[PDB]
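**Student:** model this:
(chains A, B, C, D, E and F, ligands or ions: 88)
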Amino acid sequence: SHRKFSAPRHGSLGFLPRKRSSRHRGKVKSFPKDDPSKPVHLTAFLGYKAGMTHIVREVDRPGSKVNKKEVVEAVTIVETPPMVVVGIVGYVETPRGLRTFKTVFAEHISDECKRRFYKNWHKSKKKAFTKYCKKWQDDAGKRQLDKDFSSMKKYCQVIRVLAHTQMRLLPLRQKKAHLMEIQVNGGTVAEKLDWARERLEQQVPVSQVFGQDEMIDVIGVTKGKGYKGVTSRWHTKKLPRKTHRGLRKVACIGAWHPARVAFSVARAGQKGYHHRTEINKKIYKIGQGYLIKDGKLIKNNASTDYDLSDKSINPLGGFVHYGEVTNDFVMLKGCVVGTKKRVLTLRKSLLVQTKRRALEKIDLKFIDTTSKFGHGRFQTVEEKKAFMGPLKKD
RNA sequence: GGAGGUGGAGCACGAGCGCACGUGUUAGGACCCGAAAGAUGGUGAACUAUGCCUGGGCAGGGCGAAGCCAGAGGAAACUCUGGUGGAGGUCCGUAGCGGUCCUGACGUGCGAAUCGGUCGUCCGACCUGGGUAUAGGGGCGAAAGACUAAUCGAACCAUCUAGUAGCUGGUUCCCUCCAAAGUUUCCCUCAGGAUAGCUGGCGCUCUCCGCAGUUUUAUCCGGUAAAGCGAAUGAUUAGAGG
RNA sequence: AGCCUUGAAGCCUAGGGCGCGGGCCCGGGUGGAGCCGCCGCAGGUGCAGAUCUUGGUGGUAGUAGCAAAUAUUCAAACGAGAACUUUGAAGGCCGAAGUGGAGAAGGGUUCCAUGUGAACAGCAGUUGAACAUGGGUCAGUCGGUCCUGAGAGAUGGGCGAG
RNA sequence: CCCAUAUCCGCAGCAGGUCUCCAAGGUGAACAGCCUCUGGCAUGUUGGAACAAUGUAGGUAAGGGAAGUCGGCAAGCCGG
RNA sequence: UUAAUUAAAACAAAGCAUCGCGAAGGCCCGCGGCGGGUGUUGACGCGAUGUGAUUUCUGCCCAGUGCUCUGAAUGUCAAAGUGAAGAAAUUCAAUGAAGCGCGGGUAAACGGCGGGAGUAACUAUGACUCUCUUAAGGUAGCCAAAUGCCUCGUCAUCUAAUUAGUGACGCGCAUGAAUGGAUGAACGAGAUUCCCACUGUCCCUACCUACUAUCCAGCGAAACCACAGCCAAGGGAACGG
RNA sequence: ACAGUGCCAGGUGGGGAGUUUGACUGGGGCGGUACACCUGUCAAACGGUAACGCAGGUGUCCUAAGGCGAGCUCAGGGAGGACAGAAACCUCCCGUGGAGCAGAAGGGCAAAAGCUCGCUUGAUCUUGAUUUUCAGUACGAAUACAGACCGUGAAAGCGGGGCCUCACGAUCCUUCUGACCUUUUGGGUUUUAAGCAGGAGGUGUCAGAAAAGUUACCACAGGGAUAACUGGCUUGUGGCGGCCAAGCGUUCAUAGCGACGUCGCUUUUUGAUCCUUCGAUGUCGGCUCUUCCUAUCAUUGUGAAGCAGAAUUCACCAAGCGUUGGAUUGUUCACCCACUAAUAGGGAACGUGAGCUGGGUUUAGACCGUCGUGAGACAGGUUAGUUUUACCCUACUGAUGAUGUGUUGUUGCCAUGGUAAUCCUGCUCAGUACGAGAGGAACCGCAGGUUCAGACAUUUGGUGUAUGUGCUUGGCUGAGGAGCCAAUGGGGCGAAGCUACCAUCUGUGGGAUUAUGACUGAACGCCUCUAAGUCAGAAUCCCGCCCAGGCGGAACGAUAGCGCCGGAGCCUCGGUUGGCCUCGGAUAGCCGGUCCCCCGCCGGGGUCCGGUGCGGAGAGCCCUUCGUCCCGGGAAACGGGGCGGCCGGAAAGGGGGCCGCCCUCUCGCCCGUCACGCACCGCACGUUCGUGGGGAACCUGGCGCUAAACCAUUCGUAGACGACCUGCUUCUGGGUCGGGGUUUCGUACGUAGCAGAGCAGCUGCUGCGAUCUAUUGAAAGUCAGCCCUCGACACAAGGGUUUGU
Ligand SMILES: [Mg+2]
Ligand SMILES: [Mg+2]
Ligand SMILES: [Mg+2]
Ligand SMILES: [Mg+2]
Ligand SMILES: [Mg+2]
Ligand SMILES: [Mg+2]
Ligand SMILES: [Mg+2]
Ligand SMILES: [Mg+2]
Ligand SMILES: [Mg+2]
Ligand SMILES: [Mg+2]
Ligand SMILES: [Mg+2]
Ligand SMILES: [Mg+2]
Ligand SMILES: [Mg+2]
Ligand SMILES: [Mg+2]
Ligand SMILES: [Mg+2]
Ligand SMILES: [Mg+2]
Ligand SMILES: [Mg+2]
Ligand SMILES: [Mg+2]
Ligand SMILES: [Mg+2]
Ligand SMILES: [Mg+2]
Ligand SMILES: [Mg+2]
Ligand SMILES: [Mg+2]
Ligand SMILES: [Mg+2]
Ligand SMILES: [Mg+2]
Ligand SMILES: [Mg+2]
Ligand SMILES: [Mg+2]
Ligand SMILES: [Mg+2]
Ligand SMILES: [Mg+2]
Ligand SMILES: [Mg+2]
Ligand SMILES: [Mg+2]
Ligand SMILES: [Mg+2]
Ligand SMILES: [Mg+2]
Ligand SMILES: [Mg+2]
Ligand SMILES: [Mg+2]
Ligand SMILES: [Mg+2]
Ligand SMILES: [Mg+2]
Ligand SMILES: [Mg+2]
Ligand SMILES: [Mg+2]
Ligand SMILES: [Mg+2]
Ligand SMILES: [Mg+2]
Ligand SMILES: [Mg+2]
Ligand SMILES: [Mg+2]
Ligand SMILES: [Mg+2]
Ligand SMILES: [Mg+2]
Ligand SMILES: [Mg+2]
Ligand SMILES: [Mg+2]
Ligand SMILES: [Mg+2]
Ligand SMILES: [Mg+2]
Ligand SMILES: [Mg+2]
Ligand SMILES: [Mg+2]
Ligand SMILES: [Mg+2]
Ligand SMILES: [Mg+2]
Ligand SMILES: [Mg+2]
Ligand SMILES: [Mg+2]
Ligand SMILES: [Mg+2]
Ligand SMILES: [Mg+2]
Ligand SMILES: [Mg+2]
Ligand SMILES: [Mg+2]
Ligand SMILES: [Mg+2]
Ligand SMILES: [Mg+2]
Ligand SMILES: [Mg+2]
Ligand SMILES: [Mg+2]
Ligand SMILES: [Mg+2]
Ligand SMILES: [Mg+2]
Ligand SMILES: [Mg+2]
Ligand SMILES: [Mg+2]
Ligand SMILES: [Mg+2]
Ligand SMILES: [Mg+2]
Ligand SMILES: [Mg+2]
Ligand SMILES: [Mg+2]
Ligand SMILES: [Mg+2]
Ligand SMILES: [Mg+2]
Ligand SMILES: [Mg+2]
Ligand SMILES: [Mg+2]
Ligand SMILES: [Mg+2]
Ligand SMILES: [Mg+2]
Ligand SMILES: [Mg+2]
Ligand SMILES: [Mg+2]
Ligand SMILES: [Mg+2]
Ligand SMILES: [Mg+2]
Ligand SMILES: [Mg+2]
Ligand SMILES: [Mg+2]
Ligand SMILES: [Mg+2]
Ligand SMILES: [Mg+2]
Ligand SMILES: [Mg+2]
Ligand SMILES: [Mg+2]
Ligand SMILES: [Mg+2]
Ligand SMILES: [Mg+2]
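**Tutor:** Numbering: from 1, shown residues only, chains lettered A, B, ... in the order given. Ligands and ions are numbered 1, 2, ... in the order given. Please see the structure below:
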């Protein structure tokens, strides 16, 4: 018989199966559709979730209750040291879909990238690309590369660059770089290859990919949470306290007929560590990394037009469980998937951004840099010392 | 003794007895296993029920009965106030005894009734050891058909006894031939029998005229289909002429 | 005038065959002492079942489980072997209505010494209330013994087939 | 000799049952509970490593305060 | 108090009221007797019942069924005895124990305790009247009560809203007087309603601890099993592995 | 002389014993009797034929209503006759039975079978046969006779009951009647008793026991032959929907409704039935959770109104998304309160008890009412009443993994499967359109929210055994200090982590189209959204975005006794027995040339000419194999065979053609001349693709390569275990300790104090004293999963198992 009172089902069947992701680094499932009339540009990037904070800005929203007024907004800090292009991969459109046509690699590949090619770097002899790299040094090999580059011009329709991160500049334990294809959108196929060929072994800073006030998508793997029951995995109603044999369950997992449990019924199992794509996360700031100019370390990348204090984005005591952000970073509005240190794929939007929220221009008045390791109450150590005064340590 | 009818499991020139084999029906344990029951004679009150005999046991508190002392009041009766006193099938509560709820634990348990918290009572119609008495259509019951050795709306043990079962289950090698019925009547008959029918087997009396789930030719029988209702019975519409 | 220690019955056999079949024959192996053909006689004479009887074995399955009562750690000794035995030292618990010291009923040698580590003690054990070989309970005065208790129970007598 | 979370009865070294005697300090009304001395024991028929779900047993919870449920069941408040 | 699903409103109880009995007796046991229990007793006792403290009250009915009392006045009435017929067996008559019939008593014995119509100067009711009628025709009380079908009765109160609760009403299917009626302090691990307080019961879930589960070494069962084990429809012993 | 006892006799005697307490039956019970009979019908023209089928009857009645004879004629009607009339009695006429014959009905009957008289007892005695039911038994009833006695009639005759079809009863026992009856046991007489034959006493459950209840304290043997669920057939009832059109709607049938009638659909109602299940399918409701239907309440896109606007009603495509919080009740159902866009209706074994709960129903205790003598009963109330098992298979959820790609790794494609966003409010439009007024919109834009989904912890909150740091109770270590125990002693605050619409962030684009509105346009000289053709078109659908990623591919790196190129054989697996190396397409039209003309980066259009049952044909084309020899003739000579280079190929990429070479042949093809070869004596598996695929090996030359994976260790971005993410010598690495930062609590011990309420002792001093001030934002902790050090210390160049085209 029909269920007495209507109610929406718990959870979305569009995110099934609720299993551990097969990839740790978020995969770009769909790159932006190429527009041949735009200049050659890259469409994605890799960053690492440093941590969260909040900022003060004045909203510019005509007809809104917060028009001309200051608001406090949470933001996620993603460290984005420049990537290094090391290879090109070309694709051919076939009636069975894009097929990898040809891959070319640069002559020199840093050991961070090579670590990606091994399961035990300690035990290996580091022989990767030791014989390929010779193709760039002899006339017979060189004449074979430009033919490979010429073939990719005749036949390939999609061009991507194999860029990798620079793990030596991060505060992390890992030394193995994250390597990913990035589609080269823009001009003709020939213009894509000349642009990509010129940038082999070169560095591509995040600013060259993304801009201020741009809406982007973050792709990553959520925080794993292990085996979970239906109450926590699916958010079903807890049964009454009197229930015998447990109340953190779904009471009826199906009807007599069909004589099977259906795929649409909440069950226990893995929670978290799911691949997810989130869209429309606005870029609030592309902060510049530390520079040594005239013997001085310039690090006031957390200063604003309305706050001239020389402080970095790092909070007192550093980003908890992450470290210190000393490279370029992207300040995203809101929260993103993953743990601290999680590698996050930054991708340009697949949509046309014509909305007041999407077009709004961000102007920061303040960036909170108090300690997150507790209830921090000082923005800077200079401010803390001036308030507290001398201590017994002094 | 005769004549003529009628009842008999008769005579009318024997066919029986003895033995053996088969089949069928029965009486017996009765093809095998299966009741709930009933009867006789015995063993149990080490559990529990109840009476009796002789022993043991039950913190700390609350309330504050009668009696008594003092002070005040009063003409008397007596009254008021403060103490003392320590009653009670009295109250909170431990040991003990019990077992309300969680409808908790457990539910192939630690346990064939237990465990946790929470609970009832806790000087009495109180709790308990041992001795002793009541024994099965009997006991004992502050009464629930309770208890009477994990057994109780009649214990347990052996025998009668292989109790009876129109009811359930089973019923053991091969080939060959033939091959049903669920219908009639009677039955406290309706899940069963007896009875006729349907089957099989053994033959025997003949044969190389008789018979037939058939037609033909003759000849009867019938009251359904249809038809009729300006024909009987019954029902029924409309005008018309007297 | 059957077969048989020059190998009976039984049992096994990707051996050769026979018969529509019930079955049977022969070859090979194992076995070690009896057995079969034909004419008759006799029967406690043929199994797939009966929640059949008795015995054996599976999958489940190296699975459920070995979770009630706060708790162990260090060093050494013996030893083939040590989370579990002994000693020493720590840290804990029962907390005088005890996890202390003694009895009644019941048990019946479980008591004590030495030995074993087969089986048992639902892991292990160098240990045990297990197994083995030997010991151990001393009374005028502590109980029984005697008294009578509720009660049981002869004789006389009565009843009674007994 | 045991006299009982192992010498007895429950098939067993069974969280059950089974009659008694003696009875320290502190707190406290107290043979209550909590800690300790005398005496006793080795966590109750095993250990190691983890710290998922679901349990069993304990706790805490903003704002509301029975709207839950057959029912305030459960817990909670009160407490000398 | 139902050991082991019911702890209760059930049982008991003091109180109350009946009933039998003066011992060669009442009540009871026993196969049996100069047998036995009450009874080491004696009506302020023993035996058999009902109700269930106190308070207040306990109405009418003896026709029915019981129980009980009186009996030669006296219908029926066994054996035995008496008389007559007959050869006797036998038959017939007369007589007439208890018990039944007959007549009283008795309900704190089992139990029971009506129907129809008309009627007051608006309407409604109908104190009043008529009538049929039984052994009485339900009195004092009480009630949609643990008792009322219709029924979630009607009115009021309690809520925003109440098949719940409480107070009223009462032609009450089918209330009612020791088959006890009405009450009422204290008491209840008894049933029910509301309120304050409290709170994770809930909105709406989260986190933490211990023991498991978990993995490992050792050790290690049991239930159950035709063969088994992916579905849709079909047909089919009318829902197929 | 009674109590008393022994033995008989009568009464009483559920205290106790034994036993019974029918059958049929759309379950049983209650109700009926279809249980023994009879008539009509069913019944299908012999007979027979069932149902709790239909319409009825029977357990009697008759001294005549039996028997005979005779004589008459009935119901009804018409017409006449004093009282007399509708109806009394008399008369005449008609009268086929329309009357009567005991009764139910059917049949039969007119000088009779009816009515009336006269005489009577054939309703008597007796043996057989027969018919009906049937078994060819009994009874009952009936039919023909036969033998006696009779009645009646003049007689023929008729009659042994009723005009025919019903009206009834075994054995045993009792009673009566009959005989010059038999027996009555050793004989005789006599009473008695028993026999034989015929009646009666009765069994209606009628082929014939002698028979009351209750069980909820219940029991056994069974039954799915049989009820209480689901399911199945059916669909009366319930629900929903059409058709006709009398009316309603002021007018007007059909905007919206719709009588009298009628046709359907559904199985979310109840029935009917009894097919499955009684060696058990857990029986109401709620809770929880998913899914599906549409008969659509809301929302999107629409059509019609008795649509001015607003509001509403009818209808279409339509199930994408929603459809709520509560008081009373066990409730389903209902009723109300409140909010809402709306508060639609249903299925899934009346979804869902090894998912729960157990309020109700439905055991055992107990109360009330009614009923019963009672035990007891009650779709009447009330209260208390044990909810068992998963470790098996599958399904499902997650986790390792498996084939096979030579091994291994990085980066990737996507076949397939899933899939998602949703509704409302405010502002503006606008007090505008519309409207007399009242009232009163909409599209575009802007700002928010609801429901849902996916995350996340900067902030606020929650937790907190960091057992971090204070406070604090009882006890314990002689005290101080420092601590511990009280199953987390209690409590304040609290890091990290986890976590809350209880904080924060984010949630998207196309295509074909449905309904509908249209274009052009015939059919059908007009018209027409339709017939051919064409356009716009949506919470629908499909795709995208997003989640997974195949016994599915790809590119690229590195490849340890192994890779590449260049002899005999041996095993094993099979199949096969020439090749076609390509326009695009139309089919009411095609193909090939022609370029002479027009365009274009040699190709397109035109013209012109040829073919078209395609012959520049798949009905086709190419290749064709017996070999060699001698010498001729045609054909080649621009020729055949054999090492270096350049154009060219990517959807799954060419051992094609062409330029050189140094060579090598004038033989290859056709027709002839000339002979030869194992000619194996008629015969199968012959004849290739075939140096086929795969596997071991054995060689024998050249050119080349010297890896990873897994374990172990470590990490914590991960986690039940596996798995997953990481590190393991660049004078560099991680580790440990130390230091610094951050952060929590809140100011340490000691020491000093002329601070301290007081008290004690000594003559102002010294003691005891909770607490107070300074030292002292002090002390203590702080990554175990916080940040930075490069200070100290050691360690680190390792170990095991595998893998080859
Ligand atoms: Mg619904
Ligand atoms: Mg429960
Ligand atoms: Mg923080
Ligand atoms: Mg016979
Ligand atoms: Mg026999
Ligand atoms: Mg009997
Ligand atoms: Mg005793
Ligand atoms: Mg008391
Ligand atoms: Mg008390
Ligand atoms: Mg329980
Ligand atoms: Mg369990
Ligand atoms: Mg007593
Ligand atoms: Mg007795
Ligand atoms: Mg009873
Ligand atoms: Mg037998
Ligand atoms: Mg037997
Ligand atoms: Mg039978
Ligand atoms: Mg009979
Ligand atoms: Mg049968
Ligand atoms: Mg006929
Ligand atoms: Mg006809
Ligand atoms: Mg074999
Ligand atoms: Mg021998
Ligand atoms: Mg024998
Ligand atoms: Mg067998
Ligand atoms: Mg295990
Ligand atoms: Mg244990
Ligand atoms: Mg002791
Ligand atoms: Mg001792
Ligand atoms: Mg062991
Ligand atoms: Mg010993
Ligand atoms: Mg004696
Ligand atoms: Mg423990
Ligand atoms: Mg231990
Ligand atoms: Mg033990
Ligand atoms: Mg709260
Ligand atoms: Mg609060
Ligand atoms: Mg409520
Ligand atoms: Mg509710
Ligand atoms: Mg409570
Ligand atoms: Mg009980
Ligand atoms: Mg109980
Ligand atoms: Mg009485
Ligand atoms: Mg009275
Ligand atoms: Mg009377
Ligand atoms: Mg009455
Ligand atoms: Mg009254
Ligand atoms: Mg009252
Ligand atoms: Mg009331
Ligand atoms: Mg309420
Ligand atoms: Mg009464
Ligand atoms: Mg193990
Ligand atoms: Mg099956
Ligand atoms: Mg009696
Ligand atoms: Mg009886
Ligand atoms: Mg019957
Ligand atoms: Mg016929
Ligand atoms: Mg005549
Ligand atoms: Mg005659
Ligand atoms: Mg006659
Ligand atoms: Mg004589
Ligand atoms: Mg009962
Ligand atoms: Mg019943
Ligand atoms: Mg059936
Ligand atoms: Mg049904
Ligand atoms: Mg009209
Ligand atoms: Mg049938
Ligand atoms: Mg079954
Ligand atoms: Mg089931
Ligand atoms: Mg079952
Ligand atoms: Mg529709
Ligand atoms: Mg159901
Ligand atoms: Mg189920
Ligand atoms: Mg259940
Ligand atoms: Mg209940
Ligand atoms: Mg009951
Ligand atoms: Mg009565
Ligand atoms: Mg206007
Ligand atoms: Mg927080
Ligand atoms: Mg926190
Ligand atoms: Mg101290
Ligand atoms: Mg303790
Ligand atoms: Mg706190
Ligand atoms: Mg906090
Ligand atoms: Mg159209
Ligand atoms: Mg279109
Ligand atoms: Mg469109
Ligand atoms: Mg071949």
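**Student:** I'd like to know which elements the longest strand that chain A contains is packed against.
**Tutor:** Secondary structure of chain A per DSSP state E: the longest strand is strand A:44-58. Contact here means 3 or more CB pairs under 8 Å, 6 or more residues apart in numbering; DSSP states H and E; on that basis strand A:44-58 packs against strand A:70-79, strand A:179-185, strand A:329-333, strand A:343-348, strand A:364-367. (C-beta placed from N, C-alpha, C; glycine too.)
**Student:** Please name the strands paired to the last one in the sheet, noting orientation.
**Tutor:** Based on DSSP bridges, the pairing partners of strand A:364-367 within the sheet are strand A:44-58 (antiparallel).
**Student:** just the longest one next, same as before
**Tutor:** Pairing partners of strand A:70-79, with direction, according to DSSP bridges: strand A:44-58 (antiparallel), strand A:329-333 (antiparallel).
**Student:** May I see these organised as CSV, with mean neighbour count added?
**Tutor:** Output for those, formatted as CSV (neighbours: other CB atoms under 10 Å):
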stretch, mean neighbour count
strand A:44-58, 22
strand A:329-333, 24
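**Student:** how far out from the middle of the chain is the longest strand of chain A?
**Tutor:** The chain centroid and the centroid of strand A:44-58 are separated by 11 Å, computed with CA atoms, centre = their mean, to the nearest Å.
**Student:** could you check the angle strand A:343-348 makes with it?
**Tutor:** Angle of strand A:44-58 versus strand A:343-348, following axes from the mean of the first three to the mean of the last three CA atoms, to 10 degrees, is 80 degrees.
**Student:** from chain A, which residue is nearest to RNA strand E?
**Tutor:** Going by CB to the nearest atom of the strand, RNA strand E is nearest to residue A:238 of chain A, at 3.4 Å.
**Student:** Next up, the contacts around that residue.
**Tutor:** Counting by CB atoms under 8 Å, 6 or more residues apart in numbering, residue A:238 touches A:231, A:247, A:248.
**Student:** leaving aside the residues next to it on the chain, what's closest to the second one?
**Tutor:** Leaving out its chain neighbours, the residue that sits closest to residue A:247 by CB to CB, 6 or more residues apart in numbering is residue A:239, at 3.7 Å.
**Student:** residues from chain A in reach of RNA strand E?
**Tutor:** Proximity of chain A to RNA strand E, by CB under 7 Å from any atom of the strand, involves residues A:231, A:232, A:235, A:237, A:238, A:240, A:241, A:257, A:258, A:259, A:260.
**Student:** And those, which of them are buried?
**Tutor:** By neighbour count, with 16 or more other CB atoms under 10 Å, the residues of chain A next to RNA strand E hold residue A:231 as buried.
**Student:** Serialize the residues of chain A next to RNA strand E to TSV and add fields for distance to residue A:367 and secondary structure.
**Tutor:** Formatted as TSV, those follow (distance: CB to CB, whole Å; DSSP: H, G, I helix; E, B strand; the rest coil):
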residue	distance to residue A:367	secondary structure
A:231	39	helix
A:232	35	helix
A:235	35	coil
A:237	42	coil
A:238	41	coil
A:240	49	coil
A:241	47	coil
A:257	61	coil
A:258	57	coil
A:259	60	coil
A:260	55	coil
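**Student:** OK, contacts around the residue nearest the centre of chain A?
**Tutor:** Geometric centre of chain A, nearest residue: residue A:344, 2.1 Å, by CA atoms, centre = their mean. Remark: with contacts taken as CB under 8 Å, 6+ apart, residue A:344 is in contact with A:26, A:46, A:47, A:48, A:49, A:78, A:218, A:219, A:220, A:336, A:337, A:338.
**Student:** Run through the bridge partners of the third one.
**Tutor:** Judged by DSSP bridges, the bridge partners of residue A:47 are residue A:344.
**Student:** Please tell me how far it sits from RNA strand D.
**Tutor:** In this view, residue A:47 and RNA strand D are 29 Å apart by CB to the nearest atom of the strand, to the nearest Å.
**Student:** Can you pull the residues of the stretch 201-350 of chain A lying near RNA strand D?
**Tutor:** So the stretch 201-350 of chain A meets RNA strand D at A:226-229, A:231-232, A:240-242, A:244-249, A:268 (CB under 7 Å from any atom of the strand).
**Student:** how about a cut-off of 10 Å?
**Tutor:** For the stretch 201-350 of chain A, the contact set with RNA strand D under CB under 10 Å from any atom of the strand comprises A:225-233, A:238-249, A:267-271.
**Student:** okay, now the residue in the stretch 201-350 of chain A positioned nearest to RNA strand F: neighbour count?
**Tutor:** Taking CB to the nearest atom of the strand as the measure, the point where the stretch 201-350 of chain A comes nearest RNA strand F is residue A:334, at 2.1 Å. Residue A:334 has 15 neighbours, counted by other CB atoms under 10 Å.
**Student:** Residue A:279 is in contact with that one, correct?
**Tutor:** No: in this structure residue A:334 lies outside contact range of residue A:279 using CB atoms under 8 Å: 11.7 Å.
**Student:** before we move on, the earlier item: who wins for proximity to residue A:40 among the helices and strands packed on strand A:44-58?
**Tutor:** Taking CB to CB, strand A:179-185 is the member of those nearest to residue A:40, at 6.2 Å.
**Student:** What residues of the longest helix belonging to chain A count as buried?
**Tutor:** For chain A, the helix with the greatest residue count under DSSP state H is helix A:139-155. Residues of helix A:139-155 classed as buried by neighbour count (16+ other CB under 10 Å): A:148, A:149, A:152.
**Student:** If you count contacts, what does the helix or strand just after that helix end up packed against?
**Tutor:** Later in the chain than helix A:139-155, the nearest helix or strand by DSSP states H and E is strand A:158-164. With contacts taken as 3+ CB pairs under 8 Å, 6+ apart, strand A:158-164 sits against strand A:83-92, strand A:179-185, helix A:189-198.
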